[PDB]
Structures are given as C-alpha cells and as structure tokens.
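Worksheet for the structure shown next.
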Amino acid sequence: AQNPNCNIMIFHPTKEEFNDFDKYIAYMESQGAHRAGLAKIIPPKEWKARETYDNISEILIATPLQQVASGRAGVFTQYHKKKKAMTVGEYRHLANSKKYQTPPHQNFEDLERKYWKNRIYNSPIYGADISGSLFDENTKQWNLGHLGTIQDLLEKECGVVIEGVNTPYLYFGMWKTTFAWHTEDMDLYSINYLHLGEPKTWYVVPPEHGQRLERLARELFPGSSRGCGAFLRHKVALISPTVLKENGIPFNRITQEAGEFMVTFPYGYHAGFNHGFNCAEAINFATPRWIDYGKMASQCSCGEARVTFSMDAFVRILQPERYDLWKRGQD
Ligand SMILES: O=C(O)CNC(=O)C(=O)O
Ligand SMILES: [Mg+2]
Ligand code: NI
Ligand SMILES: [Zn+2]
C-alpha cells in the first residue's frame with residue numbers, strides 16, 4: 001500500500017504532465033496521495049494562471065463575513081456576521097490596517113503559535129464563496145473554470161443525466177480568517193489555487209480516520225451534536241492541533257503559498273487559516289473513485305447547512321432513501 005502513514009505529498013508535474021488533469025489526479029492516487037486527505041501540486045515553472053493581478057480591485061465582495069468566535073482558544077465555534085459590501089480594493093486596505101494586519105513574527109511556526117493563542121480574541125473579516133474566476137480564459141492547463149463538471153462525471157459513471165452546474169468560487173482572506181473543520185459537500189474532492197498574497201495553513205485528517213475526528217467533535221461540542229447528527233456540515237467548529245494531539249487524532253499540517261494548488265480528497269476533513277491578505281479560488285470536482293463516497297456521505301437534515309441547487313440531484317440519485325428527509329431540511 002502506497003503512503004501507509006498518510007503523509008501529505010507534494011507533487012511537481014512537468015508541463016507535459018500538466019496537460020491532462022484527470023490523468024494526473026489518477027497518478028497522484030497511484031502514489032497514495034489520497035491517503036493523507038490533502039496534496040500540494042506545484043505547477044511547472046512555465047505555467048501561469050493569468051498575466052497579472054493588477055486589475056482586481058473592482059471585484060465586489062457583496063457580503064463580507066466577520067468571523068466571531070466563542071469558546072476557548074483550542075476549541076471554539078465561529079459565527080458569521082454579515083457586513084456591508086466592499087470592493088477588493090477596500091478589503092485589501094482593511095486587511096493591511098493596524099487593527100487587522102499580520103503581526104510581526106519569526107517564521108510560519110511562530111505565526112501558527114500566535115494564531116492558536118490569540119484567534120478567539122479578534123474577529124477578522126472573510127470575503128468567502130464569491131462566484132467567479134481569476135483564471136485567464138487562455139490558460140488551458142488546470143484552469144479551475146474549465147474542469148469537467150460533477151454532473152457530467154455522474155452521467156459518465158452512472159448513466160443518468162441530471163440538472164445542475166458546477167462553477168468556481170473566490171475567497172479573499174486576511175490575517176486570522178478561518179475555515180472550520182469540514183469535508184466537502186457530498187464528500188467531493190476540492191481543488192484550491194492560491195492566486196496571490198500571503199499563505200494559507202491547512203490541517204487535515206486522513207479519510208480512513210475521519211470518524212475519529214467526528215467522535216471527538218461530538219465530545220467537544222455536545223449541544224451541537226445533540227442538535228444534528230452531522231453538525232460538522234455547518235462549518236463552524238474549530239479544534240487546535242494541540243487538542244487533536246492530546247486526544248490522539250491522526251492529522252497533518254502544511255502551508256500553501258501563492259502559486260500553489262491544494263487538492264482535498266473525498267472524506268478528507270480539513271481546517272485552516274490565512275496568514276494575511278490573499279485571494280484563493282476553489283471548486284469541487286469528482287472522479288470515478290468518488291462515487292462510493294458520495295453514496296455514503298453524511299448529511300445535515302436539521303436545516304442549518306443549507307447548500308447549493310446542484311446538491312439536490314446528487315442526494316436524489318445517490319442517496320434516494322435520505323432524499324425526502326434531507327429536502328425537508330433544505331425547505
Ligand atoms: O480556502 C478556504 O477558505 C476554504 N477552502 C476549502 O475548504 C477548499 O478549498 O476545500
Ligand atoms: Mg477589478
Ligand atoms: Ni473545503
Ligand atoms: Zn445540521
């Protein structure tokens with residue numbers, strides 16, 4: 001078995017190997033990359049996402065989210081308070097202000113220490129889940145707005161045609177902005193490209209050990225657990241590496257820098273934070289190996305998780321027994 005310790009692997013494809021996306025994901029899995037739940041892909045030196053980022057300030061963040069924490073430094077939840085619209089230019093200025101900027105630090109490890117120590121005492125503002133793309137239409141390789149769709153994958157594997165579309169999202173972050181512990185909708189893969197700015201630190205639990213994370217989460221967030229049998233779908237809970245180590249939960253960590261891709265694999269729980277002002281683009285995708293994970297994915301039916309139009313068909317086809325109850329939660 002390849003990568004039996006479930007380490008995060010880093011890949012360096014040649015320009016030739018960067019031509020066929022599906023084939024390269026399949027290659028990575030042949031090397032055991034999926035066991036970690038997360039892989040880094042460094043694009044060939046000849047590749048670029050677009051010519052420059054000079055003209056992005058007029059993008060609108062229609063609903064910036066202030067991430068308010070409750071709990072203790074290592075075990076907290078966050079809620080999102082909606083703020084008034086601002087442009088990326090305005091947001092970047094806010095991120096760089098004395099109230100919100102990255103503090104002096106020695107290295108990534110010192111910054112990670114300061115994150116876990118101090119996150120709960122501040123409320124950073126996140127421009128998340130903005131439909132759109134920063135890839136140039138002429139970028140042919142690993143252009144997240146030109147991937148084959150999940151609906152076409154399901155049709156090719158299962159023979160059923162379904163409604164729905166699949167488009168990318170932009171994330172504008174600042175120091176301390178946080179992504180809570182989650183897997184993707186329907187335990188899909190995700191791919192994330194860090195277009196510009198400061199790094200993003202990731203934490204991930206191997207898919208084979210996801211249930212260990214879920215059990216700890218039920219112990220640490222006991223009222224949440226009673227309210228819903230899949231409350232990590234709400235994307236609100238944070239657990240520090242210290243706490244995970246104290247409870248013997250297997251995980252790994254890695255920092256993504258501008259110009260690098262990360263891939264999350266089906267049922268790979270992940271969480272993390274941004275180091276300073278940045279802009280990432282991400283999209284879900286599927287492969288044939290995903291189908292069985294889709295069939296087994298947990299679902300939130302309490303009504304909190306509220307997701308996209310396209311998830312309907314996935315639940316309807318892959319999880320027909322669940323469909324009625326899940327849709328009651330959606331409506
Ligand atoms: O970048 C973020 O804030 C969150 N991204 C992801 O969870 C992802 O790409 O799967
Ligand atoms: Mg613009
Ligand atoms: Ni994710
Ligand atoms: Zn729920």
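Chain labels run A, B, ... following the order of the structure tokens; each chain numbers its residues from 1, and ligands are numbered from 1 in the order shown.
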**Study point:** Distance query residue 272 of chain A at most 6 Å, only C-alpha atoms, self and fewer than 5 positions along chain excluded, as a list in words
**Key:**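 Result of the neighbour search: residues 178, 179, 201, 202 and 203 of chain A.
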Practice item. Could you give me, as a ChimeraX atom specification, the residues within 12 Å of residue 113 of chain A, counting only C-alpha atoms and dropping anything in the same chain fewer than 2 positions from it? Key: /A:73-74,103,105-111,115-119,176,201,240-242,275
Take the residues from that selection and put them in a file with N, CA, C and O atoms, as a compact mmCIF listing (two decimals), in the first residue's frame.
# COMPACT_ATOMS: atom_id res chain seq x y z
N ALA A 73 -9.48 28.87 23.52
CA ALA A 73 -8.51 29.09 22.42
C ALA A 73 -8.34 27.91 21.48
O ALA A 73 -8.22 28.13 20.29
N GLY A 74 -8.35 26.73 22.04
CA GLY A 74 -8.19 25.47 21.26
C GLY A 74 -9.46 24.77 20.79
O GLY A 74 -9.38 23.76 20.11
N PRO A 103 0.70 40.21 12.46
CA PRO A 103 1.69 40.75 13.46
C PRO A 103 3.08 40.38 13.09
O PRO A 103 3.33 39.46 12.33
N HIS A 105 6.42 38.48 13.24
CA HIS A 105 6.65 37.10 13.61
C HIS A 105 7.97 36.61 13.01
O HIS A 105 8.42 37.14 12.05
N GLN A 106 8.53 35.56 13.57
CA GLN A 106 9.81 34.97 13.03
C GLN A 106 9.72 34.11 11.80
O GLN A 106 10.62 34.16 10.94
N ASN A 107 8.68 33.29 11.73
CA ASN A 107 8.53 32.29 10.71
C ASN A 107 7.11 31.71 10.80
O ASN A 107 6.30 32.22 11.63
N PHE A 108 6.79 30.74 9.97
CA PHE A 108 5.38 30.25 9.88
C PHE A 108 5.02 29.62 11.21
O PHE A 108 3.85 29.63 11.61
N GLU A 109 5.97 28.93 11.84
CA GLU A 109 5.68 28.28 13.10
C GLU A 109 5.32 29.24 14.23
O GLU A 109 4.39 28.97 15.05
N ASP A 110 6.03 30.37 14.31
CA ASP A 110 5.74 31.41 15.29
C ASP A 110 4.31 32.00 14.99
O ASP A 110 3.50 32.25 15.91
N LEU A 111 4.02 32.17 13.71
CA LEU A 111 2.73 32.73 13.34
C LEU A 111 1.58 31.76 13.68
O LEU A 111 0.53 32.16 14.16
N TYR A 115 -1.55 32.40 16.09
CA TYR A 115 -2.92 32.12 15.64
C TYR A 115 -3.72 31.36 16.71
O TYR A 115 -4.77 31.80 17.06
N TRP A 116 -3.20 30.22 17.14
CA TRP A 116 -3.90 29.39 18.11
C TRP A 116 -4.02 30.01 19.46
O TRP A 116 -5.03 29.84 20.12
N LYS A 117 -3.04 30.83 19.83
CA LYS A 117 -3.13 31.56 21.09
C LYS A 117 -4.18 32.64 21.10
O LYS A 117 -4.89 32.84 22.14
N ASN A 118 -4.26 33.41 20.03
CA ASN A 118 -4.97 34.65 20.01
C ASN A 118 -6.20 34.73 19.10
O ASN A 118 -6.90 35.78 19.14
N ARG A 119 -6.45 33.74 18.25
CA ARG A 119 -7.56 33.87 17.28
C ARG A 119 -8.87 34.31 17.92
O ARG A 119 -9.59 35.13 17.32
N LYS A 176 -5.83 35.75 10.28
CA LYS A 176 -6.75 35.03 11.16
C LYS A 176 -8.07 34.54 10.54
O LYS A 176 -8.83 33.86 11.23
N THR A 201 -2.46 28.22 5.90
CA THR A 201 -2.10 26.98 6.60
C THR A 201 -3.29 26.02 6.69
O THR A 201 -4.41 26.46 6.99
N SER A 240 -7.88 22.85 17.80
CA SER A 240 -6.45 23.09 17.53
C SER A 240 -5.61 21.86 17.39
O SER A 240 -5.99 20.77 17.84
N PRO A 241 -4.43 22.00 16.78
CA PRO A 241 -3.55 20.85 16.74
C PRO A 241 -3.15 20.31 18.10
O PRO A 241 -2.94 19.10 18.28
N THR A 242 -2.97 21.18 19.06
CA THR A 242 -2.68 20.74 20.42
C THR A 242 -3.76 19.81 20.94
O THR A 242 -3.48 18.75 21.56
N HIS A 275 -2.72 33.76 6.52
CA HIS A 275 -1.64 34.49 7.17
C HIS A 275 -1.76 36.01 7.04
O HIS A 275 -1.11 36.74 7.79
Check your understanding: Please, which residues have at least one atom within 6 Å of an atom of ligand 4, using only C-alpha atoms and all ligand atoms, listed as a list in words?
Key ->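 Listing the residues within 6 Å of ligand 4 gives residues 228, 230, 231, 300, 301, 302, 303, 304 and 305 of chain A.
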Export of prior selection with C-alpha atoms as a PDB file, in the first residue's frame:
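Result file follows (result13.pdb):
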ATOM      1  CA  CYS A 228     -27.710  17.366  14.469  1.00  0.00           C
ATOM      2  CA  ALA A 230     -23.821  15.749  11.035  1.00  0.00           C
ATOM      3  CA  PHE A 231     -23.124  19.145  12.637  1.00  0.00           C
ATOM      4  CA  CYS A 300     -27.232  17.559   7.718  1.00  0.00           C
ATOM      5  CA  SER A 301     -31.059  17.464   7.816  1.00  0.00           C
ATOM      6  CA  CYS A 302     -31.513  19.979  10.791  1.00  0.00           C
ATOM      7  CA  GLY A 303     -31.676  22.817   8.332  1.00  0.00           C
ATOM      8  CA  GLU A 304     -28.519  24.683   9.259  1.00  0.00           C
ATOM      9  CA  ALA A 305     -26.181  23.526   6.487  1.00  0.00           C
TER      10      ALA A 305
END
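Every residue of segment 156-283 of chain A with a DSSP assignment of alpha helix (DSSP H), taken from the backbone, is listed as residues 156, 157, 158, 210, 211, 212, 213, 214, 215, 216, 217, 218, 219, 220, 222, 223, 224, 225, 226, 227, 241, 242, 243, 244, 245 and 246 of chain A.
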Residues from last step as file, C-alpha atoms, as a compact mmCIF listing (two decimals), in the first residue's frame:
# COMPACT_ATOMS: atom_id res chain seq x y z
CA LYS A 156 -20.48 9.08 -17.46
CA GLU A 157 -20.23 6.66 -14.46
CA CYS A 158 -23.88 6.00 -13.71
CA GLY A 210 -12.36 10.73 9.72
CA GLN A 211 -14.70 9.05 12.17
CA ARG A 212 -12.15 9.64 14.94
CA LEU A 213 -12.43 13.36 14.31
CA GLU A 214 -16.23 13.16 14.32
CA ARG A 215 -16.27 11.29 17.67
CA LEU A 216 -14.01 13.88 19.29
CA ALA A 217 -16.12 16.67 17.84
CA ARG A 218 -19.27 15.15 19.40
CA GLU A 219 -17.49 15.15 22.81
CA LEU A 220 -16.18 18.72 22.43
CA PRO A 222 -22.02 18.30 22.93
CA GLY A 223 -25.08 20.62 22.41
CA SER A 224 -24.26 20.88 18.63
CA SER A 225 -24.04 17.11 18.48
CA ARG A 226 -27.48 16.70 20.00
CA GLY A 227 -28.99 19.22 17.53
CA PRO A 241 -3.55 20.85 16.74
CA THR A 242 -2.68 20.74 20.42
CA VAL A 243 -6.14 19.42 21.26
CA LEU A 244 -6.06 16.91 18.41
CA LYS A 245 -2.65 15.58 19.66
CA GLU A 246 -3.97 15.39 23.30
Point to revise | Surrounding residues of residue 128 of chain A excluding itself and chain neighbours under 2 positions, 7 Å, only C-alpha atoms, as a count of residues only | key: 5
Point to revise | Shell of 9 Å around ligand 2 (only C-alpha atoms and all ligand atoms), written as a ChimeraX atom specification | key: /A:54-60,87-89
Exercise for review: May I have the residues within 10 Å of ligand 1, computed using only C-alpha atoms and all ligand atoms, as a ChimeraX atom specification?
Suggested key: /A:38,126-129,169-173,177-185,188-194,200-202,235,261-265,268-274,278-284
Review point. Would you give me, as JSON, numbers by chain, the residues in segment 152-277 of chain A that DSSP reads as strand (DSSP E or B)?
Key: {"A": [169, 170, 171, 172, 173, 178, 179, 180, 181, 182, 189, 190, 191, 192, 193, 194, 195, 196, 197, 200, 201, 202, 203, 204, 205, 237, 238, 239, 252, 253, 254, 255, 256, 261, 262, 263, 264, 269, 270, 271, 272, 273, 274]}
Exercise for review: Please identify all polymer residues within 7 Å of segment 142-149 of chain A, counting only C-alpha atoms, omitting same-chain residues fewer than 5 positions from it, and present them as a ChimeraX atom specification.
Suggested key: /A:21,133,135,166-168,283,285
Would you put the residues from that selection into a file with N, CA and C atoms, as a PDB file, in the first residue's frame?
ATOM      1  N   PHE A  21      -5.557  16.803 -16.698  1.00  0.00           N
ATOM      2  CA  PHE A  21      -5.920  16.901 -15.269  1.00  0.00           C
ATOM      3  C   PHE A  21      -6.322  15.573 -14.640  1.00  0.00           C
ATOM      4  N   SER A 133     -14.097  33.666 -11.244  1.00  0.00           N
ATOM      5  CA  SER A 133     -12.799  33.066 -11.570  1.00  0.00           C
ATOM      6  C   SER A 133     -11.787  34.153 -11.849  1.00  0.00           C
ATOM      7  N   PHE A 135      -8.857  32.938 -13.409  1.00  0.00           N
ATOM      8  CA  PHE A 135      -8.022  32.284 -14.447  1.00  0.00           C
ATOM      9  C   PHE A 135      -8.281  32.980 -15.754  1.00  0.00           C
ATOM     10  N   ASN A 166     -21.700  23.672 -11.992  1.00  0.00           N
ATOM     11  CA  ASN A 166     -20.533  23.459 -11.074  1.00  0.00           C
ATOM     12  C   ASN A 166     -19.600  24.599 -11.394  1.00  0.00           C
ATOM     13  N   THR A 167     -19.531  25.690 -10.587  1.00  0.00           N
ATOM     14  CA  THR A 167     -18.620  26.794 -11.000  1.00  0.00           C
ATOM     15  C   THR A 167     -17.710  27.176  -9.807  1.00  0.00           C
ATOM     16  N   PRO A 168     -16.611  27.869 -10.109  1.00  0.00           N
ATOM     17  CA  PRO A 168     -15.660  28.169  -9.018  1.00  0.00           C
ATOM     18  C   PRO A 168     -16.052  29.293  -8.133  1.00  0.00           C
ATOM     19  N   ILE A 283     -12.939  24.950  -6.308  1.00  0.00           N
ATOM     20  CA  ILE A 283     -14.060  24.343  -6.944  1.00  0.00           C
ATOM     21  C   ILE A 283     -14.089  22.877  -6.511  1.00  0.00           C
ATOM     22  N   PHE A 285     -14.847  18.876  -7.441  1.00  0.00           N
ATOM     23  CA  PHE A 285     -14.820  18.007  -8.596  1.00  0.00           C
ATOM     24  C   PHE A 285     -14.980  16.554  -8.147  1.00  0.00           C
TER      25      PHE A 285
END
**Study point:** Closest of A:81, A:209, A:7, A:186 to ligand 3 - atom-to-atom distances counting only C-alpha atoms and all ligand atoms
**Key:**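 Under the stated criterion, the closest residue is A:186.
Going from atom CA of residue 141 of chain A to atom CA of residue 20 of chain A covers 7.7 Å.
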Review point. If you count only C-alpha atoms, which residues fall within 10 Å of residue 162 of chain A, apart from same-chain ones fewer than 4 positions away, as a list in words?
Key: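 Here the qualifying residues turn out to be residues 150, 151, 152, 154, 155, 310, 312, 313, 314, 316 and 317 of chain A.
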Any chance you could export the current selection's N, CA and C atoms as a PDB file, in the first residue's frame?
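The result, stored in again-v9.pdb:
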ATOM      1  N   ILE A 150     -19.147  17.884 -12.319  1.00  0.00           N
ATOM      2  CA  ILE A 150     -19.551  16.733 -11.477  1.00  0.00           C
ATOM      3  C   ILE A 150     -20.768  16.054 -12.094  1.00  0.00           C
ATOM      4  N   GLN A 151     -21.651  16.853 -12.713  1.00  0.00           N
ATOM      5  CA  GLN A 151     -22.834  16.295 -13.349  1.00  0.00           C
ATOM      6  C   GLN A 151     -22.428  15.426 -14.538  1.00  0.00           C
ATOM      7  N   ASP A 152     -21.447  15.830 -15.323  1.00  0.00           N
ATOM      8  CA  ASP A 152     -21.002  15.001 -16.406  1.00  0.00           C
ATOM      9  C   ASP A 152     -20.293  13.721 -15.909  1.00  0.00           C
ATOM     10  N   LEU A 154     -20.986  12.109 -13.079  1.00  0.00           N
ATOM     11  CA  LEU A 154     -22.064  11.191 -12.632  1.00  0.00           C
ATOM     12  C   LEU A 154     -22.774  10.574 -13.804  1.00  0.00           C
ATOM     13  N   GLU A 155     -22.977  11.343 -14.888  1.00  0.00           N
ATOM     14  CA  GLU A 155     -23.586  10.802 -16.076  1.00  0.00           C
ATOM     15  C   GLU A 155     -22.701   9.742 -16.754  1.00  0.00           C
ATOM     16  N   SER A 310     -27.315  22.381  -6.947  1.00  0.00           N
ATOM     17  CA  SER A 310     -26.788  21.165  -7.590  1.00  0.00           C
ATOM     18  C   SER A 310     -26.686  19.962  -6.648  1.00  0.00           C
ATOM     19  N   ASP A 312     -28.978  18.814  -4.759  1.00  0.00           N
ATOM     20  CA  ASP A 312     -30.266  18.114  -4.843  1.00  0.00           C
ATOM     21  C   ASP A 312     -30.129  16.855  -5.623  1.00  0.00           C
ATOM     22  N   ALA A 313     -29.642  16.931  -6.847  1.00  0.00           N
ATOM     23  CA  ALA A 313     -29.592  15.785  -7.725  1.00  0.00           C
ATOM     24  C   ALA A 313     -28.638  14.747  -7.199  1.00  0.00           C
ATOM     25  N   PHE A 314     -27.528  15.181  -6.572  1.00  0.00           N
ATOM     26  CA  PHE A 314     -26.584  14.186  -6.053  1.00  0.00           C
ATOM     27  C   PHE A 314     -27.285  13.311  -4.981  1.00  0.00           C
ATOM     28  N   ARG A 316     -30.552  12.982  -4.529  1.00  0.00           N
ATOM     29  CA  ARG A 316     -31.662  12.260  -5.158  1.00  0.00           C
ATOM     30  C   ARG A 316     -31.220  10.966  -5.847  1.00  0.00           C
ATOM     31  N   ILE A 317     -30.095  10.978  -6.581  1.00  0.00           N
ATOM     32  CA  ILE A 317     -29.638   9.820  -7.310  1.00  0.00           C
ATOM     33  C   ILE A 317     -28.820   8.871  -6.446  1.00  0.00           C
TER      34      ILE A 317
END
Check your understanding: What does the distance from atom CA of residue 122 of chain A to atom CA of residue 93 of chain A come to in Å, to one decimal?
Key ->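 Spanning atom CA of residue 122 of chain A to atom CA of residue 93 of chain A is a straight-line distance of 17.7 Å.
Distance check against residue 293 of chain A using only C-alpha atoms: of A:64, A:248, A:207, A:197, the minimum falls on A:207.
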